[PDB]
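The next block holds one structure in the form of structure tokens; read it before the comments.
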Amino acid sequence: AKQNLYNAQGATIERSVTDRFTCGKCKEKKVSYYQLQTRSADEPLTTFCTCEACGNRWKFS
Amino acid sequence: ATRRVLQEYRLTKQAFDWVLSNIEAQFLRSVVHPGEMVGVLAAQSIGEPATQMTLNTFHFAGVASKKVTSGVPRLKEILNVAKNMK
Amino acid sequence: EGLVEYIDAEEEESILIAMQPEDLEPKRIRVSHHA
Amino acid sequence: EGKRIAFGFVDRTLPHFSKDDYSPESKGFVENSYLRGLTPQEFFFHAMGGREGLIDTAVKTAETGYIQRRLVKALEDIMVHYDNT
Amino acid sequence: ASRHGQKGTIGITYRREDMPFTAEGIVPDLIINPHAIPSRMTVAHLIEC
Amino acid sequence: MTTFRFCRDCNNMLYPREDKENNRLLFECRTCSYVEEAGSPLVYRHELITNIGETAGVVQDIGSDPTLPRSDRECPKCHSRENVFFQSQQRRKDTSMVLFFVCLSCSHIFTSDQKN
């Protein structure tokens, strides 16, 4: 029963924790990040920051 | 509100009249002008970011267990009204 | 004289190559490969 | 494609490694800098990473163009009237 | 164009009098902007220089 | 575990048949007159999910593959410290990352998972 109850759970998307960006909704700096080379290589990398305290999302490029 | 006016702003009679007149004047100039072609404006507004959307579509590609359609293919399926989603 | 050999992209599946020659003996960061 | 450098060969990533290797330096990790210099293998992996974005731009230009044309043709005849409708 | 993907166009030409000079009387044959270095990370341009 | 049985006459596989007056099972060849007596009521088997332990696969002359790594672990049988090691060679999606070691001298197979 315990093993089944553990196996009925979904994938937990735990994101990298950092304390530099400031959220615009709750202003709690516990905002996760993800950065990649997605925009055209004529321009630098693109970062996307998501607040894990309120659900805010934004982009910096 | 009355308490906000008397305690937070401390406006006089002259400033209050000025604020009311300015608010009415700035509101009356915000209505939309008849004759504007809003359809092409809306289409351009929606479809300009769609061009740049391709770059960052595959950020969800960074999560293998989150293989859910979003981005260009999802917008394509929404527009086509597809009867068989991925 | 059997000093060099021509390798295609299929035989390469069954070989081992030391990239620098000095990597065969027992700035940047160069790691000593365990092979 | 959102994952580390997969096994292109059988049970490795490059002829200079050993079978069943999972170390970071063997799966596309660059611990150097542009001021220091890149070693050949991480140079190759960086090249693949760049190739992905190059392809992205080169094709999705055309796909987005088609979508944009269809959108503008669909909505081109909508106008605010004097009834405000 | 330079050998590192940095190309441009001539926007104006100056004569040797309006050119900034060093204490030794040397004058730059051309002048480029530094706002092109960071986002491109062409450190090889600087090293080649 | 059902096993195919071939007729002794023409090598064809034997089909089952019943004997009502004696109520006994027989194997007959549809091409000839050979009939043989069934030794068990187990003729066919259809499993669904395979609870098979992961296998190292072919082992013969595996020590001459130069792209296979090495280790200094000690043999549990011949007390040698040189061997080859590799992951499971069966390509199921959900296979764990449990190693397999083949000794250089005695060609003994063991695993890094010493579960009692």
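Straight-line cross-link partners of F:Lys93 among the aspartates and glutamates, defined as a Cα under 16 Å from its Cα and at least 8 positions apart when in the same chain: D:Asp11, D:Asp20, F:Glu54. Pairwise inverse Cα distances across the stretch B:13-86, averaged and inverted, put the Kirkwood hydrodynamic radius at 16.9 Å. Of the trypsin sites (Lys or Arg not before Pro) found in the stretch D:5-75, those that fall in a DSSP loop while having at most 15 other beta-carbon atoms within 10 Å are D:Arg36. Please report how far the C-alpha centroid of the stretch A:15-53 lies from that of the stretch F:46-116, rounded to the nearest whole angstrom. So the separation of the two Cα centres works out to 44 Å. Cα convex hull, chain E: 107 Å³ per residue, rounded to a whole number. Over its Cα atoms, what ratio of radius of gyration to 2.2 N^0.38 Å does the stretch F:47-116 give? My calculation over the Cα atoms of the stretch F:47-116 gives 1.19.
Largest mean-square fluctuation among F:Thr50, F:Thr67, F:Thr95, in a Gaussian network model of chain F whose springs join Cα atoms under 10 Å apart, belongs to F:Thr67.
Counting every other Cβ atom within 10 Å of each residue's Cβ, B:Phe60, B:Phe27 order from fewest to most as B:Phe27, B:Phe60.
Under the convention that each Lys and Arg Cβ holds +1 and each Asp and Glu Cβ holds -1, the size of the dipole of chain F around its Cα centre is about 200 debye. Think of chain F as a dipole: +1 on every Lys or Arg Cβ, -1 on every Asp or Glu Cβ, centred on the Cα centre; then among F:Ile52, F:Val35, F:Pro16, F:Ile52 lies furthest on the positive end. Computed about its Cα centre, the charge dipole of chain A is approximately 220 debye, with only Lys, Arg, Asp and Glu carrying charge at their Cβ. The GluC sites (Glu not before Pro) found in the stretch F:33-103 that occupy coil by DSSP, while having at most 16 further C-beta atoms within 10 Å, are F:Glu47, F:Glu54, F:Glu74, F:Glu82. Think of each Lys and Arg Cβ as +1 and each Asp and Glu Cβ as -1; about the Cα centre, that makes the dipole of the stretch F:2-46 roughly 180 debye. How much of the calculated P(r) for the protein assembly as shown lies past 33 Å, in percent of all Cα pairs? For the protein assembly as shown, the share of Cα pairs beyond 33 Å comes to 69 percent.
Within a straight-line Cα-Cα reach of under 25 Å, B:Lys83 can be paired with the following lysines, leaving aside sequence neighbours fewer than 8 residues apart in one chain: B:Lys66, B:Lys67, D:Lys60, D:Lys73.
When the chymotrypsin sites (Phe, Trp or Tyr not before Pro) in the stretch F:1-89 are filtered for DSSP coil states and for at most 14 other beta-carbon atoms within 10 Å of their beta-carbon, the remaining sites are F:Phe4, F:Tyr34, F:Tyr44. Farthest toward the positive end of the dipole of chain B, out of B:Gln7, B:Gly39, B:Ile78, is the Cα of B:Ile78, where the dipole comes from beta carbon charges about the Cα centre. Overall, the anisotropy analysis places the stretch F:2-46 in the oblate class: the square-rooted eigenvalues a ≥ b ≥ c of its C-alpha gyration tensor yield a/c not less than 1.5, with a/b not exceeding b/c. Comparing F:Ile109, F:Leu25, F:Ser96 along the charge dipole axis of the stretch F:12-116, the residue lying farthest to the positive side is F:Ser96, per the Cβ-charge model. Sort chain A into rounded, prolate or oblate with this rule: let a ≥ b ≥ c be the square roots of the eigenvalues of the Cα gyration tensor; rounded if a/c is under 1.5, and if a/c is not under 1.5, prolate when a/b is larger than b/c, oblate otherwise. Because a/c hits 1.5 or more and a/b fails to exceed b/c, chain A counts as oblate.
Don't worry about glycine lacking a Cβ; one is built from the backbone with ideal geometry, like all the others, and counts go over all protein chains shown. Bear in mind these aren't lab numbers, they're just calculated from the coordinates by the rules spelled out.
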